[PDB]
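Remarks on the structure that follows.
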Number of protein chains: 4
Amino acid sequence: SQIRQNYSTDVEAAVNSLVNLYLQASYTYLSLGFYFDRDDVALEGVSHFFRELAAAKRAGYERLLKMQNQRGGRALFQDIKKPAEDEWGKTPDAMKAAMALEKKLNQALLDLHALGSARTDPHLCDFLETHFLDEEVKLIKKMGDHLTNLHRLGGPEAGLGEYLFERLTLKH
Amino acid sequence: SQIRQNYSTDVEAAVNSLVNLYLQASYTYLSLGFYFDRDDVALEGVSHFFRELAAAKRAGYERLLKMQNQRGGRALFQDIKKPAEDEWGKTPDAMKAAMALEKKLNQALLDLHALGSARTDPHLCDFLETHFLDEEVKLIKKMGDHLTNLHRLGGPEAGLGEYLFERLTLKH
Amino acid sequence: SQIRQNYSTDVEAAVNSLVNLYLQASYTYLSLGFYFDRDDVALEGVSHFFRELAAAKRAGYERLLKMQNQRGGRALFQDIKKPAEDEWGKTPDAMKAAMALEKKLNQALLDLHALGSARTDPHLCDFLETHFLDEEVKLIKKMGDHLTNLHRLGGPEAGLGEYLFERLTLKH
Amino acid sequence: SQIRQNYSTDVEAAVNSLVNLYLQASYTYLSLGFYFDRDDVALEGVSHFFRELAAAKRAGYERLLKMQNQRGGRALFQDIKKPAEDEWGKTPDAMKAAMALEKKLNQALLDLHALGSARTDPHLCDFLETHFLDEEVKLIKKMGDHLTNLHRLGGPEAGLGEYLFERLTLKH
Ligand SMILES: [Fe+3]
Ligand SMILES: [Fe+3]
Ligand SMILES: [Fe+3]
Ligand SMILES: [Fe+3]
Ligand SMILES: [Fe+3]
Ligand SMILES: [Fe+3]
Ligand SMILES: [Fe+3]
Ligand SMILES: [Fe+3]
Ligand SMILES: [Fe+3]
Ligand SMILES: [Fe+3]
Ligand SMILES: [Fe+3]
Ligand SMILES: [Fe+3]
Ligand SMILES: [Fe+3]
Ligand SMILES: [Fe+3]
Ligand SMILES: [Fe+3]
Ligand SMILES: [Fe+3]
Ligand SMILES: [Fe+3]
Ligand SMILES: [Fe+3]
Ligand SMILES: [Fe+3]
Ligand SMILES: [Fe+3]
Ligand SMILES: [Fe+3]
Ligand SMILES: [Fe+3]
Ligand SMILES: [Fe+3]
Ligand SMILES: [Fe+3]
Ligand SMILES: [Fe+3]
Ligand SMILES: [Fe+3]
Ligand SMILES: [Fe+3]
Ligand SMILES: [Fe+3]
Ligand SMILES: [Fe+3]
Ligand SMILES: [Fe+3]
Ligand SMILES: [Fe+3]
Ligand SMILES: [Fe+3]
Ligand SMILES: [O]
Ligand SMILES: [O]
Ligand SMILES: [O]
Ligand SMILES: [O]
């Protein structure tokens with residue numbers, strides 16, 4: 001590659017791998033979005049929430065692909081694994097799956113930062129620090145706050161709580 | 001008729017019949033509207049909802065009458081049957097009646113489309129596809145979502161649920 | 001399903017299947033987009049073209065999922081197969097792959113319309129006629145025009161032709 | 001120095017050295033700029049391109065000098081070596097020299113980041129990551145794309161290609 005400089009084959013491949021993980025996360029949020037729009041689930045604000053996250057994850061993989069091209073890497077695509085569930089349960093259930101997905105993405109970002117740090121690749125490191133790491137932290141914090149409010153709204157009176165949460169916390 | 005072309009007497013008569021069904025549906029929504037405005041029911045957002053539907057149904061029969069005249073058909077009017085109930089119960093009860101009415105209207109639209117398809121009358125078919133069929137589907141979906149939220153708000157704590165739903169979902 | 005009406009299990013399943021085909025088409029256009037952005041391909045207007053198509057295909061599957069929910073269907077997701085190529089060749093090569101993909105999507109839309117016509121499902125038919133069929137026809141025509149201009153720019157002097165086409169036809 | 005803190009004499013000296021390298025790069029782009037403005041070269045867009053880079057490199061050394069003063073370092077200036085060529089050839093030739101210069105600057109930035117990382121100097125590191133490293137990567141990618149388009153426009157018909165490239169890619 002005429003442009004490649006300080007860009008290890010390991011990072012290149014781990015970037016391709018993180019791309020597939022963003023693709024799959026996007027796909028998982030697509031499924032969660034349409035799930036909460038089902039006439040028998042009918043929680044519009046929950047649906048909007050997961051739909052925004054599909055979009056955000058798509059921006060992530062688009063940014064990883066762009067950086068791949070900028071460093072002289074070559075994208076390679078693999079199959080995107082279908083989401084882990086077909087039916088997502090109640091808002092708390094779904095929010096827990098989302099939390100678990102985001103922790104997985106955050107761990108992959110941290111592992112990739114470790115890798116690029118090990119190959120003394122500071123461009124790759126700060127790319128992750130600037131466009132990914134703070135976004136994950138903010139988003140995980142938000143999901144935690146959501147889980148805390150669902151839990152406080154939970155238990156015996158849980159149908160009402162899920163309604164209120166969707167109406168009063170989730171936008172629209 | 002100097003203008004009539006490709007317009008079967010069967011469609012003409014089924015159009016007159018669907019007009020009476022829209023008239024009766026309009027009438028049913030009138031009754032539901034004023035019912036939820038009673039001082040001892042007092043759910044303004046529910047009342048507004050059913051009042052908007054009376055208006056929407058009236059637009060439907062006005063459009064059917066206009067098309068009747070445009071094709072060279074002749075309108076004939078029959079008595080409009082009074083609504084099936086005088087008292088409509090609680091929001092879920094009323095919403096179920098509305099769902100059942102809309103399914104009946106949708107079945108009549110589908111039967112009329114089948115008929116006009118059988119008389120190879122594509123103008124009539126696409127008139128229904130453009131001005132009626134998508135409206136029914138959207139409206140049925142909405143009523144289903146409503147029923148799902150009333151159900152989740154239902155059971156022991158149902159008075160509070162009906163209040164919240166009217167305040168937080170139904171506009172005004 | 002409390003809302004489902006005139007919505008066959010066959011259409012439901014063929015809709016789920018067409019969703020996966022749009023997902024895979026989107027994915028193929030993603031790969032084509034980043035491919036033409038490689039420092040050693042470097043045809044920005046070609047890249048923009050395929051990137052817009054990824055977005056358009058994504059709008060398609062989002063619309064299919066929305067309609068699925070509106071009719072009372074249930075989305076089911078399968079793995080998304082990786083694109084057929086890793087490297088896409090020259091502009092004419094890529095444009096031919098795109099043409100072939102769009103013909104496949106158009107054939108699937110036509111087969112689904114045939115199916116829904118066979119189950120006398122006019123809502124499904126006109127949904128496809130309104131949001132899909134004309135879009136395919138316009139897009140195929142455009143791809144054909146592109147192929148005709150690449151061909152006229154082709155042969156011995158082909159490097160120059162690909163440059164001119166990207167600069168003077170493809171926007172930016 | 002009353003302000004100096006965590007600022008090694010090695011970084012200080014390597015900063016002075018990188019300043020001279022930016023000064024010399026600026027000087028090289030000055031020469032390339034006026035070269036493409038010669039009546040017998042006459043490629044205005046190529047000239048503008050290299051002139052903008054002289055300016056960009058000057059901003060770099062001005063920023064390095066400012067940071068030097070901010071950390072309590074002392075600037076020391078050495079002779080600026082004349083550019084390596086008097087005559088720069090054709091657009092591809094010049095673009096290759098520019099690529100080679102930018103790779104040299106990028107290697108010096110990476111070496112300085114390694115150094116400041118070794119002296120645990122995170123201010124210096126992030127200064128480079130924020131104001132230098134991404135700029136180099138973007139600029140190298142652009143130069144690569146340029147070289148790819150010149151190459152595709154090259155060979156037998158090369159005079160025409162250089163004209164088109166200057167007119168249709170290079171701004172003005
Ligand atoms: Fe939001
Ligand atoms: Fe399961
Ligand atoms: Fe399941
Ligand atoms: Fe940093
Ligand atoms: Fe860092
Ligand atoms: Fe928002
Ligand atoms: Fe929003
Ligand atoms: Fe709303
Ligand atoms: Fe309203
Ligand atoms: Fe009764
Ligand atoms: Fe009664
Ligand atoms: Fe039609
Ligand atoms: Fe039709
Ligand atoms: Fe209670
Ligand atoms: Fe309204
Ligand atoms: Fe209103
Ligand atoms: Fe009020
Ligand atoms: Fe465009
Ligand atoms: Fe192959
Ligand atoms: Fe290949
Ligand atoms: Fe049709
Ligand atoms: Fe020639
Ligand atoms: Fe455009
Ligand atoms: Fe555009
Ligand atoms: Fe451009
Ligand atoms: Fe410029
Ligand atoms: Fe020489
Ligand atoms: Fe010389
Ligand atoms: Fe750093
Ligand atoms: Fe400019
Ligand atoms: Fe300029
Ligand atoms: Fe000029
Ligand atoms: O939102
Ligand atoms: O409304
Ligand atoms: O575009
Ligand atoms: O420029």
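Numbers restart at 1 for each chain; the letters A, B, ... are given by sequence-line order, proteins then strands. Atoms within a ligand are numbered from 1 in the order they appear, just like the ligands themselves.
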Passes salt bridge (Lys or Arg N to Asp or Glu O under 4.0 Å), C/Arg74 versus A/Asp39? Steps please. CA-CA 10 Å; C/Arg74 292 288 160 261; A/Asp39 71 274; 2.8 Å; yes
Given the rule in the ring-ring contact (aromatic ring centres under 6.0 Å, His included) test, do B/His146 and B/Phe49 qualify, once you have shown the distances and angles that lead to the verdict? CA-CA 11 Å; B/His146 291 348; B/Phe49 183 77; 5.5 Å; yes
Give a yes/no answer: is there an N/O/S atom of B/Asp126 under 2.8 Å from the Fe ion (ligand 21)? no
Output, in order, the C-alpha distance, side-chain angles, deciding distance and verdict of salt bridge (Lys or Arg N to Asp or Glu O under 4.0 Å) for B/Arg4 and B/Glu12. CA-CA 11 Å; B/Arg4 186 178 194 141; B/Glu12 186 181 357; 2.7 Å; yes
In A/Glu157, the N/O/S atom nearest the Fe ion (ligand 14) carries the name OE2
Should the pair A/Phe132 and A/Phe127 be assigned to parallel (<30°), tilted (30 to 60°) or perpendicular (>60°) ring geometry? tilted
Considering only N, O or S atoms of C/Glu129, the one closest to the Fe ion (ligand 21): OE1
